[PDB]
Every structure is written in structure tokens, then in C-alpha cells.
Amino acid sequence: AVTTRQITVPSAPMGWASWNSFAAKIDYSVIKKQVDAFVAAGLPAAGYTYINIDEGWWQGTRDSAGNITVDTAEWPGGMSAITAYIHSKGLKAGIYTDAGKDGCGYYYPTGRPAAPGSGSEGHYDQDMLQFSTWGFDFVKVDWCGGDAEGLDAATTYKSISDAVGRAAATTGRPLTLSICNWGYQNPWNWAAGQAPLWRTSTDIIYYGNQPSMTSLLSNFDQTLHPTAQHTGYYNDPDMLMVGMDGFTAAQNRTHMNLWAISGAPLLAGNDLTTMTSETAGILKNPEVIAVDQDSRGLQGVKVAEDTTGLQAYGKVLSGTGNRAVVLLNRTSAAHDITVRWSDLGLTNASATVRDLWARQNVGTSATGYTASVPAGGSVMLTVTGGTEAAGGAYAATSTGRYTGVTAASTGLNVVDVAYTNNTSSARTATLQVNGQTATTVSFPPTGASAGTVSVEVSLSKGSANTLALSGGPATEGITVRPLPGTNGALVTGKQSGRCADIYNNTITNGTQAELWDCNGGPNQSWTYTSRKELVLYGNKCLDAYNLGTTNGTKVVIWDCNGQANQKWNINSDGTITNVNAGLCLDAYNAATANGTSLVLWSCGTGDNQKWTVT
């Protein structure tokens, strides 16, 4: 049964932000009208809380003591006047700056002349204290000066995070940090613990363009980093285009569904003053919001794609035997899409299916569910009352170290970590799985009795997995359950004993595969499909670069495109051959060390061309 309670973790921010509809064309009156429409539409009761003032409020001016100064013709009463107005509505207020010396209003002016000086570098503590003193509850910290100056994102945002924490401690007003560095330098590796949210890609929409489902989907794909998100820390696929001109009701729901399955922030970006009744209702759907804001804090993942473009996404919800599912159709025709219990990490026992847009139960099954999905459309379900797959349970074999952890397959697993935190404040620890990049986990107050928080981790097939915690509360056991829909395999070189690896969890098209010490991370877990693809992160295909057909052709990751250069034969002699070329996956020069490049080469008997893929 349920025997140790699950501790609720903080949800992603919900609210509205000024960028998508106004660009830098903002002032007090713009924000006030949006606040009034937000309130009139009943957004606050649905959970929407933040009113975020984005680029355009500050032209880069400072007084002689280095204090940020604003133009009171645009901001009468100064910035504490607009925070007071927002607060008078029971809402929270957000502000915006840059990590560097000059901001995006300087580097990429959009609706205003360039604003030199519009960044916080050299003033992190001063500016963070200022924002907090003015009354801001949220700050979005952009990267235009960081990118321009050559700054290191990880160390820079750490310094910024420290200043955010000091500012909030001084004023007594909590300050929510949004890291906005567009997925540059792989923020999923380092942002959890520094901030509750971090941008995973470039902008969902550029001022002057129409909302695009293509852009939406690219942002969604780029946000999927399930080991990086947990315990109040979220991947951020960007501000919503819900309700913007050109998006249909169906596209608006699909936007909500995909953000909800990720557990993404819901920061509306439409013009609230002309918002339709239908759009308001789509933003406010409480069942969809409840999935987005799930107490367990986990990120949804792809669990099936039996036919290209016909996809099932699953999310592990709070409690036991509960799942949310999105069925998504990226093809040009309506098709049936099925989700199987086995893929969701449930046993073949009865569960109840509910449609979150119909707001009605639509069937039971002990095996799965199929719905017709329109071209470009999606269906949003929960599957509840199911039976969880059998877990492993483990006790620490040394201080903060769990060893001998078992996975039937390489792939993603849900770990519930038991602990007691009988104090009034959350504590953090560093978690490292095998030799993977470490992550930070937060442990909220439990009272006197133990509770669990959950994390998603990627493990290697077998019983040699380790989970090691440093710092934070003593833990009292872990539970481990697989998500079979995420199953993959290490591709291990016979000669080297090393694994096909994409450096440091990079997702960029054209990154070349290399040998690396096997660690079972997402950047090493390859799913071989019925279409002979070798798929990484659920959405990148092992690819012979530019359909190269000769010795030395680079083997890279690339968006899956159905071509022959992304198809691979796993041969009985241990070779892996590219279909287009007939050449063998090859560890270059028969080197065996970390960083050895993988290429295509004419097949022979050599062991740098031999692999295991189980």
C-alpha cells in the first residue's frame, strides 16, 4: 500500500508576462490594464499569481550611487507604485534585468531605441536588494550581456542566485528567480538548486511574427530533460502563446496540454483586455492546471511513438497508480493513437481513463487506451486507479549512498526518497547517479513523521547503479520504479568498454557521438525503433552527417527525419551498419579513451567496430 506519505513540492509559476504581446512597449498604464483584465477574467482563482514586467521598463540609467533610476513619465510613483497596485489585487509582481552590463533592450532593441547600461553586472546585490525593496516577488534574469561578453553561464547565475537569496533574506520578501539564457551552455545540467525555473531554448515567438505550432513544438521538445526537473525546479519552454491572434481553440488547448505534461510554468502572454471567453476558459481548465501543478513535481516524458508523428506522453502524478497522458498527432492526417499501461510503468490491471477537456470519464482498461486524434491535434487524459509496476526498495549501504540498484532495462526510473525534516525550512542535498552530472534535490518540511520526495533518474541495465547524496537530511530508504516507455540501451564498444555518448547532455543538431565512460545518463540511452532509428532524449536520431558515404563520415545526433542515413542495422556479428551507406559505426583510429569520435568506416573484423546494444 501507500505507507510513507508523499511530500508536496513547489509548483511552477503561474501568471502573466508582458513580452509576447507588447515587446518593450510597456509602461505603468499597460501593466495596470492587464492586471484589471487578469482579475476580471477570474485568473487569480484558477491559480494565476504573477504579473511579470519584462524588457522595456528600464533604459539603463543609474544615479551616482549606482541605483537603478526609471523614467517616472512612464512609471509614475516609481516602480514601487506598480508593485503596490499588483499587490492590492492579492497578486505577485515580477521584474526583469540582464546578467551582463547591458541588456536585451540594448543588444536587440524591439519597440524602443537601444538602452545601454540595462544589465545588473557589477550590481547583483545592489539591484536584487532594490527589486526586493520595491516589492517584486519575481525576477527574470536574461543573458544578452552574458552572451555578448563571453560569460560562463553556470558560475554567473550562481553568483546571481546568491544575490537573490541575500536580497530576499534582508527584506523578508521571497524572490523567485527565472533564469533566462535560452538553453545556452545546457542549463539543465546546473540550474536546479540555483533557481526554480530556467529557459531551455530560444524564444517561442519573435515580435512581428504570427504564433507558430512549429515553434511551439520545437520549444516543447527542447524542454524535455526529466533528470533536471524535480522538487520545485522546472525546465521552462517559455511564455504561453495561448490566446494570441492566429491560434485556434484547438491549438490553444494543445499548447496547454503540452505545457501541463511537462509541468511547465504557465505564464500567459496574450493581451488580456481582448481575450475571448473561450480562451479564458482554456487558461482556467482546473483539471489541466492540476496536472501542470502536480504535487509530485515530476516532468512528463515520451512513452511511445509506434508510428512516426503519433506520440504518447506520460506523466507520473502524485499518489500511486496515477498518470496524465497527452496523445499528440504531428502528422497531416487524423489517426488513432494508443497508450499502453506497460509503457506508463503500470501493470496490466484495471484503470480509469478520463478526458480533461470533455471533463468526463471515458472508459476503463486493464491494458491501454486508444483515441482518434486530429492532424496537428492532441488529447489530454488521466489514467488513475492503476497498479504500479513492482518497485525495488533499498537501504543505504553507507552514509547517503545506495548501491546495487537494479534496472531491467537502461532508461528512466522514478525514485522516491524517504526522509524526515522536522523543521520550518526546506533543506537541499546534491544527488549523483553513477558517474552522471550531479543535481540538487530539495526536501520540504515533513513534520515529525517521514515523507518522500520523488526524482526521475536514468539508470543502466543491471544491478551496478549507485545513488549518492551529499548534504541535507539523513534519508531513510529509497524506492525505485521503471518507466518502460522510456527504455533504451547503452551502445557499448567491444574494444573500449565505453559507451556511445553525446557530450554533457547537449541536444544541438550536429553534435558528434563519442566514446565515454558508461554512466547510464540520458545522453547514453539509445532507443532502437521499428524504423531502425537509434533515438536519444526521445527526439534526436543517430545520423550519418549529410548522408556521407565514405570513410570518416561523422556520426552525429540530428532531428529525426525518416531518411536512410538515420537507419541502422544491428548485425549478428556485433557490427552496427548505416543503411544509406553500408558502412560500420566505428570508434575512430581504434582509440578507446573518453572523447574518441564515432564515424562511419568500411566494415571489417576489428573490435572498434563491434558493439552491444541490449
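Note that residue numbering begins at 1 and tracks the sequence as displayed.
As recorded in the PDB entry, 109 to 117 is the stretch of 109 to 117 and 299 to 307 with the greater mean C-alpha temperature factor. The PDB entry reports B-factors from which the mean C-alpha value can be compared for 271 to 279 and 491 to 499; the larger average falls on 271 to 279. Taking only the listed residues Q222, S530, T382, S525, the entry reports the highest CA temperature factor at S530. Within the listed group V326, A418, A93, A464, the record reports its top CA B-factor for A464. Annotation for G595: C-alpha temperature factor in the middle third relative to the rest of the modelled chain, per the entry. When all modelled residues of the chain are sorted by CA temperature factor, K554 is found within the lowest third.
Residue-level temperature factors show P237 in the lowest third of its chain, judged at the C-alpha atom. In the deposited entry, the Cα temperature factor of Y537 places it in the lowest third of its chain's modelled residues. For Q566, the recorded CA temperature factor ranks within the middle third of the chain's modelled residues.
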